[PDB]
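Chains as they are written, first to last, in the deposited numbering: chain AG, 35 to 242; chain AR, 73 to 143; chain AB, 98 to 193; chain AK, 60 to 196; chain AU, 2 to 87; chain Am, 2 to 117; chain An, 128 to 150. The C-beta atom is built at its ideal place from N, Cα and C for all residues, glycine as well.
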Amino acid sequence: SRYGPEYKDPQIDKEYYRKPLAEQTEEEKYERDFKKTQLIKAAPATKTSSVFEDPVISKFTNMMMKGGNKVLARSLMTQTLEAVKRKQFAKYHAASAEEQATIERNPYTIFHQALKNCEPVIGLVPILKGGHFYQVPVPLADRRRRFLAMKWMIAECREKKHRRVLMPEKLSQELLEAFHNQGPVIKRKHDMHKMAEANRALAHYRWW
Amino acid sequence: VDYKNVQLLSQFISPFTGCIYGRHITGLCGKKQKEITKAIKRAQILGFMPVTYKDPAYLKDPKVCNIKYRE
Amino acid sequence: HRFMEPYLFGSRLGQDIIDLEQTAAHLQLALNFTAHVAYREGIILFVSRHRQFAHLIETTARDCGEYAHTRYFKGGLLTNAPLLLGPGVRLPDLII
Amino acid sequence: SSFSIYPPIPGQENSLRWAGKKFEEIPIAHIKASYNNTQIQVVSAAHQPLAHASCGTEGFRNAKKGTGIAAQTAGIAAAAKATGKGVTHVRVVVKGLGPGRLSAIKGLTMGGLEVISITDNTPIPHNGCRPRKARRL
Amino acid sequence: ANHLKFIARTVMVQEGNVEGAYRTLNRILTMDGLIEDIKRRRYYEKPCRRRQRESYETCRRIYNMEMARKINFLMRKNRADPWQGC
Amino acid sequence: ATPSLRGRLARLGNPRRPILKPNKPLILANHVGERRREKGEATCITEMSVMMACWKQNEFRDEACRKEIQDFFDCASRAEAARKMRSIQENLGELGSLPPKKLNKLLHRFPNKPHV
Amino acid sequence: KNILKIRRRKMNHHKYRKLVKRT
RNA sequence: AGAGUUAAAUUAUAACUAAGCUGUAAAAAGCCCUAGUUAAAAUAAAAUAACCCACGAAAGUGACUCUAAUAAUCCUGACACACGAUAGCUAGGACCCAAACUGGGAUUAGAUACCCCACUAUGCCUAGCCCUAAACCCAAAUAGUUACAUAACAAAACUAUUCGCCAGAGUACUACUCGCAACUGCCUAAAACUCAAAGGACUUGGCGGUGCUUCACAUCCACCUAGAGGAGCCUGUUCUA
Ligand SMILES: [Mg+2]
Ligand SMILES: [Mg+2]
Ligand SMILES: [Mg+2]
Ligand SMILES: [Mg+2]
Ligand SMILES: [Mg+2]
Ligand SMILES: [Mg+2]
Ligand SMILES: [Mg+2]
Ligand SMILES: [Mg+2]
Ligand SMILES: [Mg+2]
Ligand SMILES: [Mg+2]
Ligand SMILES: [Mg+2]
Ligand SMILES: [Mg+2]
Ligand SMILES: [Mg+2]
Ligand SMILES: [Mg+2]
Ligand SMILES: [Mg+2]
Ligand SMILES: [Mg+2]
Ligand SMILES: [Mg+2]
Ligand SMILES: [Mg+2]
Ligand SMILES: [Mg+2]
Ligand SMILES: [Mg+2]
Ligand SMILES: [Mg+2]
Ligand SMILES: [Mg+2]
Ligand SMILES: [Mg+2]
Ligand SMILES: [Mg+2]
Ligand SMILES: [Mg+2]
Ligand SMILES: [Mg+2]
Ligand SMILES: [Mg+2]
Ligand SMILES: [Mg+2]
Ligand SMILES: [Mg+2]
Numbered sequence: 035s036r037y038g039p040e041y042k043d044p045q046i047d048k049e050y051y052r053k054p055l056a057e058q059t060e061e062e063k064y065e066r067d068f069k070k071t072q073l074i075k076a077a078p079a080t081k082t083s084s085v086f087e088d089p090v091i092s093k094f095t096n097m098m099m100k101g102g103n104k105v106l107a108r109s110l111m112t113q114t115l116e117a118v119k120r121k122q123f124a125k126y127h128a129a130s131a132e133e134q135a136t137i138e139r140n141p142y143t144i145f146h147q148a149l150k151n152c153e154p155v156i157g158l159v160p161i162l163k164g165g166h167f168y169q170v171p172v173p174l175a176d177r178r179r180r181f182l183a184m185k186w187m188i189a190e191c192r193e194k195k196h197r198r199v200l201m202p203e204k205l206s207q208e209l210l211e212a213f214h215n216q217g218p219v220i221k222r223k224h225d226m227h228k229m230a231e232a233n234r235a236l237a238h239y240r241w242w
Numbered sequence: 073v074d075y076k077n078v079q080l081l082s083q084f085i086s087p088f089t090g091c092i093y094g095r096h097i098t099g100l101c102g103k104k105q106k107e108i109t110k111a112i113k114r115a116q117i118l119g120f121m122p123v124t125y126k127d128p129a130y131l132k133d134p135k136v137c138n139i140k141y142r143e
Numbered sequence: 098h099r100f101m102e103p104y105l106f107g108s109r110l111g112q113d114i115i116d117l118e119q120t121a122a123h124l125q126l127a128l129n130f131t132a133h134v135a136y137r138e139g140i141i142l143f144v145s146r147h148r149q150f151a152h153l154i155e156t157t158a159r160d161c162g163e164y165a166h167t168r169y170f171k172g173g174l175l176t177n178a179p180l181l182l183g184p185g186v187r188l189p190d191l192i193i
Numbered sequence: 060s061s062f063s064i065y066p067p068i069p070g071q072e073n074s075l076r077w078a079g080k081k082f083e084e085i086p087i088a089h090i091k092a093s094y095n096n097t098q099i100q101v102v103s104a105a106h107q108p109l110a111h112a113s114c115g116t117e118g119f120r121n122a123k124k125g126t127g128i129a130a131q132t133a134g135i136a137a138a139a140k141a142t143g144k145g146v147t148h149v150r151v152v153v154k155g156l157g158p159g160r161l162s163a164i165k166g167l168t169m170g171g172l173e174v175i176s177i178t179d180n181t182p183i184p185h186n187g188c189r190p191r192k193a194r195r196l
Numbered sequence: 002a003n004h005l006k007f008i009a010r011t012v013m014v015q016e017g018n019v020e021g022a023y024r025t026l027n028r029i030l031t032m033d034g035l036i037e038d039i040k041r042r043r044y045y046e047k048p049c050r051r052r053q054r055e056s057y058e059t060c061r062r063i064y065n066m067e068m069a070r071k072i073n074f075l076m077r078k079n080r081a082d083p084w085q086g087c
Numbered sequence: 002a003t004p005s006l007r008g009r010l011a012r013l014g015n016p017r018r019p020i021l022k023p024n025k026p027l028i029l030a031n032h033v034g035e036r037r038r039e040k041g042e043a044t045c046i047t048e049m050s051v052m053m054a055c056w057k058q059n060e061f062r063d064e065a066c067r068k069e070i071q072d073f074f075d076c077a078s079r080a081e082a083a084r085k086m087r088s089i090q091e092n093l094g095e096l097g098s099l100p101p102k103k104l105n106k107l108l109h110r111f112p113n114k115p116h117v
Numbered sequence: 128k129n130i131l132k133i134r135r136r137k138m139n140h141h142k143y144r145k146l147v148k149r150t
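Spelled out as structure tokens, the structure:
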């Protein structure tokens, strides 16, 4: 908040600025953007015009970080991606042509699919009625479900590993297990869905 | 107003319920609202007119009442 | 209004008809007084709060060389003159 | 298109058929909707019981079975057991004013069953028995 | 009970839409006070409580009626004002 | 038409006995009340129950039913859009009537006279 | 307000009735 | 006041069908000789009309029919005469449903309460008692006036004729008396003693486990991050010394 409310967030996308001539409403829109004499916040250190950066990978990176270490967390993220890659190459060369057509070697699509598989559909909020606290099923917003997915991942791969075991190892393990739906993280998501069905009547207590 | 004629009476009754409409609905002098009422009650217990619904036969008679159910 | 009845000629079909004989008799004396006040060099204020004729009245008073308050009347205006208007003041010798 | 909200009187010539049957021949779904529970029973026009489903029958328990979700579940279960005996259409009779009225009705609809008429028969004394005393003296 | 069944408090569904039919029904019952009476009869209300309720309701109705009447009588004068900044 | 006020209240002249006992005096106030905000109820419960039946049947594998999950999500989005966009338009448009503020101003322009 | 008087009488009477019961 | 009648419920009781039904903020206990639907007497109570404002002296009276019937050529008037809601009493009959009491179940520190279930006196009919209510519209009856005129609040202010009442607060709808089908009753109704006030209306606050709006931006809930409370030490309190 060293920026007044006057300051708009920057649009970092290059493709937007490079190819303007085919869209009327957007031409009018960013015309109104700069011509309004609108101040713009200085673009963040984390965010780049890079063609190689995934916002989700960056969020997970941040969520891994302890203290002020961007270096150590980016390190463990890099190492985990590399570990998933090489684990899938090791799984690729020991297989046969069919399974060489099937198996995915992209650590990015494995990350995104593992997290989409690990995100919960529905959730639980406590509600006070008649001097008792009842756990009630609540539909969740998208961002909340993504968050829950990532946080559950980091929670498990921090907590449940043996102390000898390194982080990129355990994390790549669980990324590949949650890709295939068989990981303890998806078991947690299932505990949530089962506790959301056990209480389903109590869905009337929700007033919103 | 005569208890013997069920048509005129059942004009002032709610079709679905069998209730008697009030003044704000029928729009009568107090005298005639009274009269209609007493008449209805008498015709109902003497066995001329049904209590719990308007007799289907009289459904399509002129509607004099101000109520609108279906909107 | 109850005090208006001696001034009414009568009521024609619910509308009240003011007796214009009395109206003339009164308006005579009113104009008489008003002129005598202006003759002796004293301040005449036209007061109305009605927004139709506000402009008309302000115009009228400006053209008689007289003063008009047609606006929202400030609370202590006549009672507490010295504070609202100034250190010492003259007050209207007649108000219309 | 002339559509009457009012039903087809028996003595009338009126021709409307649902699967060829007269309005009178259609089975009846009785829904008792009470504050603590909802019971549903589908019956022949001849008053022979076809199907019975309740919120208790549906494996809910005390407070839970009051809710509209439970009513809907019982409605679906009822419509299933009823279509098993092959009833396509039904006339609904709703007895009582409670949490499970509408839920049990559209739970009959959701349960793959067709509702033609919806009647409300709720006991309305013209002053019979005095009801029990008000709570919080 | 001794009356013929299905002639009263009955609505026929149109084109298979049940929700609108039930709505029509509920509006009927509410119109005739049947709902308020169903609700009021769940517990006995002692004659004096009743008397009080009726008196209050009638007062309420008088006030509401009269207020709505002054509203609609005054509604014309909500138009944009002619004399603005006079 | 308005229910009659003749002979209803207890007064020194009145022959009969009171019908109405007014809690507070019946005089038209120079303002109206503020609209009562609607009591909220649970939304999407139907689609939820459908989805939960789907789950109970298919043993809680999400891959099994992709329709009920997507439709519950769709419904929740329509409920959010409802909550956000309905607040403003329900707080402004009264349909055939006026917002309580304008009504009050109007009434203050033409006040009830108890006095005089 | 006036209820204070009524409360006094209420209590007195109650007490007295209790007394008659005992005595 | 009599006599006759019953639409909606509800129930004995069968007939199918279902294993549960009932009950709460939530449960337990209860019931499964239960529940839903289809049949149904008796009993009791009288939706809507009624946004009406009638009848009766008051209490009261609002399902239907009929009989009988609502004093005074109309001032006031008792301790005399006749009535008088609910509860209660005596005797006989009824009993659907409700329900003091009581017994179970919860709640709670306790809960001889509020909440849940069961059941009784009692509510109903006949006959006789009892004679009280915040029996208050806290505004006497009969004639008038809208003149003079605002303590406050409330239902604006007053004249005339009457009757009934009222002389600080408690003590006291009490003790003692008379009378009374009342015998834990009603009625009538003091004093010793105690106090210097007791009261009525208002004003401005504060408060409210009171209602309606609008909010909380590290902030209550929902939610994010890191810690404290457990270990050792460091340092400060409290005790003991
Ligand atoms: Mg009490
Ligand atoms: Mg009278
Ligand atoms: Mg009051
Ligand atoms: Mg005392
Ligand atoms: Mg008798
Ligand atoms: Mg019957
Ligand atoms: Mg019996
Ligand atoms: Mg048990
Ligand atoms: Mg009746
Ligand atoms: Mg007479
Ligand atoms: Mg006399
Ligand atoms: Mg008595
Ligand atoms: Mg007896
Ligand atoms: Mg008994
Ligand atoms: Mg009971
Ligand atoms: Mg006990
Ligand atoms: Mg008795
Ligand atoms: Mg009384
Ligand atoms: Mg008195
Ligand atoms: Mg007298
Ligand atoms: Mg004394
Ligand atoms: Mg007494
Ligand atoms: Mg005594
Ligand atoms: Mg003595
Ligand atoms: Mg904080
Ligand atoms: Mg630390
Ligand atoms: Mg710690
Ligand atoms: Mg420590
Ligand atoms: Mg110290």
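Check	Outcome
Classify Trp77 of chain AK as helix, strand or coil using the three-state DSSP reduction.	strand
Could you tell me the alpha carbon to alpha carbon distance between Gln147 of chain AG and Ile220 of chain AG, rounded to whole angstroms?	12 Å
In whole angstroms, what is the alpha-carbon distance linking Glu40 of chain AG and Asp67 of chain AG?	12 Å
Candidates AK:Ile183, AK:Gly187, AK:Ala130: which alpha carbon is nearest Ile164 of chain AK's?	AK:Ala130
Candidates AG:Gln72, AG:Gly165, AG:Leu158: which alpha carbon is nearest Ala232 of chain AG's?	AG:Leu158
Would you list, in chain order, the members of the segment 128-147 of chain AK that have their beta-carbon closer than 9 Å to a beta-carbon of chain Am?	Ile128, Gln131, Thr132, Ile135
Count the C-beta pairs between the segment 91-100 of chain Am and the segment 65-76 of chain Am that are closer than 8 Å, then say yes if the count reaches three, no if not.	no
So which residues on chain AG does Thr126 of chain AK lean against when the C-beta distance must stay under 7 Å?	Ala235, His238
What are the residues that DSSP puts in a beta bridge with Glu173 of chain AK?	AK:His148
Have a look at AK:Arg194, AK:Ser103, AK:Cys114 and flag the residue whose alpha-carbon is nearest the alpha-carbon of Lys80 of chain AK.	AK:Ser103
Applying a beta-carbon distance threshold of less than 7 Å, which residues of chain Am neighbour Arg24 of chain AU?	Those do not exist, as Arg24 of chain AU stays about 16 Å from chain Am at its closest Cβ, beyond 7 Å.
Can you tell me whether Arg17 of chain Am sits near ligand 2, meaning its C-beta is under 8 Å from at least one heavy atom of the ligand?	yes
What runs of the alpha helix (DSSP H), each 4 residues or longer, lie entirely inside the segment 44-115 of chain Am?	46-59, 68-93, 101-110
Can you pull the chain Am residues whose beta carbon is under 9 Å from the beta carbon of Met66 of chain AU, in chain order?	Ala2, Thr3, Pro4
For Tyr44 of chain AU and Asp225 of chain AG, what's the separation of their Cα atoms in angstroms?	44 Å
Just checking: is the beta-carbon of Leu156 of chain AK within a distance shorter than 9 Å of some beta-carbon in chain AU?	yes
How about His111 of chain AK and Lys140 of chain AK: are their beta carbons less than 9 Å apart?	yes
Among the candidates AG:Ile144, AG:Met99, AG:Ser130, AG:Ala183, whose CA atom is the shortest distance from the CA of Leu115 of chain AG?	AG:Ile144
Among AK:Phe82, AK:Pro86, AK:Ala193, which residue has its Cα nearest to the Cα of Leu172 of chain AK?	AK:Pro86
Leaving out the 5 sequence neighbours to the left and right, which residues in its chain are closer than 7 Å to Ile188 of chain AG when beta-carbon positions are compared?	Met97, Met98
Quick one: measure Cβ to Cβ for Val174 of chain AK and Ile90 of chain AK, integer angstroms, because I've assumed they're closer than 8 Å.	About 11 Å separates the two Cβ atoms, so there is no contact after all.
Would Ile68 of chain AK count as contacting chain AR if we go by Cβ distances under 9 Å?	yes
Quick one: list the residues of chain AG neighbouring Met53 of chain Am, beta-carbon separation under 7 Å, in chain order.	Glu231, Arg234
For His227 of chain AG, does the count of other Cβ atoms within 10 angstroms reach 16, so buried, or fall short, so exposed?	buried
Could you tell me whether any Cβ in chain AG is nearer than 9 Å to the Cβ of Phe62 of chain AK?	no
In the DSSP assignment, find the unbroken beta strand (DSSP E) run with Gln169 of chain AG in it and report its ends.	166-173
So which of AB:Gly172, AB:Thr176, AB:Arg99, AB:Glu163 has the shortest CA-CA distance to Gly139 of chain AB?	AB:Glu163
Decide yes or no for the touch test of the segment 136-150 of chain AB against the segment 63-72 of chain AK: beta carbon pairs closer than 8 Å, at least 3 of them.	no
Can you name, in chain order, every residue of its own chain whose Cβ lies under 8 Å from the Cβ of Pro154 of chain AG, other than the five neighbours on each side?	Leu174, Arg179, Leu182, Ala183, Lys223, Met226, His227
How many Å lie between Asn95 of chain AK and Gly164 of chain AG at the Cα?	17 Å
So, using beta-carbon positions, are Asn79 of chain AU and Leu107 of chain Am closer together than 9 Å?	yes
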